[PDB]
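Report on the following structure.
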Amino acid sequence: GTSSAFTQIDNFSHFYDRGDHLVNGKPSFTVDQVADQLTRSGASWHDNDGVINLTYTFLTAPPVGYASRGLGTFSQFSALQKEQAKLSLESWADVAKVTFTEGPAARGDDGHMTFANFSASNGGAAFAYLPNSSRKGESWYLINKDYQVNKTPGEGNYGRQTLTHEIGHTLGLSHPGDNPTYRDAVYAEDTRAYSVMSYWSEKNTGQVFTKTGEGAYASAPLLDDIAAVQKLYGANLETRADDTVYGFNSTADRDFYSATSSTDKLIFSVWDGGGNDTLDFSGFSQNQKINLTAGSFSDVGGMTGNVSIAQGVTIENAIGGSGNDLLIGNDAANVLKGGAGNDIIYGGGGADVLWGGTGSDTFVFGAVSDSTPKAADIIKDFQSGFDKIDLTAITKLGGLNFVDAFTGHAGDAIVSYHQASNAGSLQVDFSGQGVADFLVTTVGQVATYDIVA
Ligand SMILES: [Ca+2]
Ligand SMILES: [Ca+2]
Ligand SMILES: [Ca+2]
Ligand SMILES: [Ca+2]
Ligand SMILES: [Ca+2]
Ligand SMILES: [Ca+2]
């Protein structure tokens, strides 16, 4: 078998797997299957420049025919709503080739949107129309004494998510399915852990973002939303194409990608056009499970399934917090830092740079190709007697034969140390060709007893 450490890594890497199986009695849909689902109406704005340029107006007066809509008193968006709306608009433009410019409809634009409030509850909390309808571009928001959610939209609250959700609808995204409850969902991932378009909470799929009496809602497009809107309009590869840090010490310049306190409730899906990026969750004290796999989910900031990387995005670095975290790299050369606590770090393929941080850290290797002589990982702060290099996924617990020189026998391993440069190394000849086919270098001495195999 393998160690528990490896099993924890493997289990997490597969924890949110989607497609080809039932979950909650419903088919599990992959991101692409949901992208189709969310765009099943066939409505979209049309381009051309290969970009959809929309204009939008915060209506200052009721349109012609307004009174017939049964919405009651019309009112213009407040400055706060306009500010939040713009942030919501921006979060969509960030991921797909659609732009929103405040202004009147213009012959040069691909469509025009309108935003406004109404006071009669009968109109519903908020609503919008698909771009193929006669009321294309419109979204309306209820505000009255009995319903105040839309009066103060803000990062993380439902008021902001409503703006995001309604704009998504005006862009052509349908709600995930047609006294309905999650039981009526067409697919398993129809919850707001995967899409802001969903009516159902993340609890239905097992994620935990918050507790009773508190609201926690992604302010920006989530994993499936991004897939859906890019399917419609193409991915916007221009955004944050330089190096970007998301989370703590964020350089993403987006309120929803920023954490400044251990109590922050991050719920976001990372879209990025390139560069050398980092998910920095160093400010959290809770156990985290960070997955750098494209399209995968992470448990961040004491919550679960709240962070994800959009399909097509390569995130290279991760920094855990003070909790006992799991860090899973991808094929790229990753820099993974555990932070305090007892972490389990899995670099994956490519030559990685691993920092255990303080605590007792375990560096897991699941395949020889994870760390070869020509592309070796380096553990920058290995602490013998406390840290561990775990090769059980490879050796299946068969053990290693620690020698001073490869004898041509498979399983032979060599622990070396270079006192002058405080550099250590673990070489292994798994295949038994008489030469190392696996290599891990360290800063700090490694002893045979620090190896789990
Ligand atoms: Ca970037
Ligand atoms: Ca990158
Ligand atoms: Ca940690
Ligand atoms: Ca650590
Ligand atoms: Ca890697
Ligand atoms: Ca590696």
Side-chain angles (χ1 to χ4, degrees), residues 5 8-9 12-13 94-95 235-254 257-258 262 268-294 296 298-302 309-310 312-372 375-381 383 386-387 438-440:
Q8 290 176 64
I9 288 295
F12 190 62
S13 308
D94 278 348
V95 314
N236 178 347
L237 301 177
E238 291 176 1
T239 126
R240 295 183 288 274
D242 54 343
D243 292 348
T244 313
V245 180
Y246 299 82
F248 282 91
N249 306 305
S250 172
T251 60
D253 193 28
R254 295 295 186 266
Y257 282 143
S258 170
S262 71
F268 61 70
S269 187
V270 184
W271 169 252
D272 180 292
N276 181 264
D277 309 325
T278 306
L279 298 195
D280 179 341
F281 300 132
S282 64
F284 292 124
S285 58
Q286 315 90 331
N287 293 346
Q288 304 184 91
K289 298 180 171 66
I290 307 157
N291 194 347
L292 294 187
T293 305
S296 75
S298 298
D299 294 354
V300 173
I309 295 173
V313 178
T314 297
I315 296 297
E316 298 71 16
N317 320 305
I319 307 172
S322 294
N324 303 329
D325 324 309
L326 304 185
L327 275 78
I328 298 174
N330 44 48
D331 288 341
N334 303 127
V335 175
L336 306 175
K337 305 185 184 196
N342 305 324
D343 312 300
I344 304 187
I345 297 175
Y346 190 86
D352 299 312
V353 177
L354 311 176
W355 294 82
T358 69
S360 291
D361 303 290
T362 301
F363 304 90
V364 185
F365 293 86
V368 182
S369 59
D370 278 2
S371 200
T372 66
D377 283 1
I378 169 171
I379 299 172
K380 289 287 218 292
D381 60 356
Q383 307 190 214
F386 288 103
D387 295 334
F438 178 83
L439 171 71
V440 179

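In each ligand, atom 1 is the first atom listed, and ligand 1 is the first ligand listed. The figures that follow rest on heavy atoms only: side chains count, while hydrogens, waters and symmetry mates do not. We number each residue from 1, following the sequence as shown.
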What's the atom name of the N, O or S in [X] nearest to the Ca ion (ligand 1)?
X: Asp272; value: OD2
X: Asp277; value: OD1
X: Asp242; value: O

Beyond-backbone contact of [X] with [Y], side-chain heavy atoms, under 4.5 angstrom:
X: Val335; Y: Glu316; result: no
X: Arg254; Y: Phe268; result: no
X: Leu439; Y: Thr372; result: no
X: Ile378; Y: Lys380; result: yes
X: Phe284; Y: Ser322; result: no
X: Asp377; Y: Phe365; result: yes

Worksheet item: Between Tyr346 and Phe363, does the ring centre distance come in under 6.0 Å?
Response: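 Centroid distance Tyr346-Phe363: not below 6.0 Å, so no.
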
Practice prompt. To 10°, measure the O(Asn330)-the Ca ion (ligand 5)-O(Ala332) angle for me.
Written response: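 Nearest ten degrees: 90°.
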
Item to complete: Please calculate the O(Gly349)-the Ca ion (ligand 5)-OD1(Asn334) angle and round it to 10 degrees.
Response: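 That angle works out to 170° after rounding to 10°.
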
Hey, is the Ca ion (ligand 1) within less than 3.0 Å of some N/O/S atom on [X]?
X: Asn276; value: no
X: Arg240; value: yes
X: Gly274; value: yes

Worksheet item: Which of the N/O/S atoms in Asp325 sits closest to the Ca ion (ligand 3)?
Response: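 Result: OD2.
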
Worksheet item: Nearest to the Ca ion (ligand 3), which N, O or S atom of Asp343 do we find?
Response: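 The closest N, O or S atom of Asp343 to the Ca ion (ligand 3) is OD1.
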
[atom1]/[X] to [atom2]/[Y] distance, rounded to the nearest 0.5 angstrom?
X: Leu326; Y: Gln8; atom1: CG; atom2: CD; answer: 6.0 Å
X: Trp271; Y: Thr239; atom1: CH2; atom2: OG1; answer: 8.0 Å
X: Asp277; Y: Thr251; atom1: CG; atom2: OG1; answer: 8.0 Å

Item to complete: Look at the N, O or S atoms of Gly359, main chain and side chain alike, and state whether any lies under 3.0 Å from the Ca ion (ligand 3).
Response: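 Coordinating: no.
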
Discussion item. Using 3.0 Å as the threshold, say whether any N, O or S atom from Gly341 sits that close to the Ca ion (ligand 3).
Written reply: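 No, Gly341 does not qualify, because none of its backbone or side-chain N, O or S atoms lies under 3.0 Å.
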
Discussion item. Any N/O/S atom from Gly347 (main chain or side chain) under 3.0 Å of the Ca ion (ligand 5)?
Written reply: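 Yes.
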
Fill in: the Ca ion (ligand 5) reached by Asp352 (N, O or S, under 3.0 Å)
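Coordinating: yes.
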
Practice prompt. Using the Ca ion (ligand 3) as the apex, give the angle to atoms O (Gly338) and O (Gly323), rounded to 10 degrees.
Written response: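 Value, to the nearest 10 degrees: 170°.
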
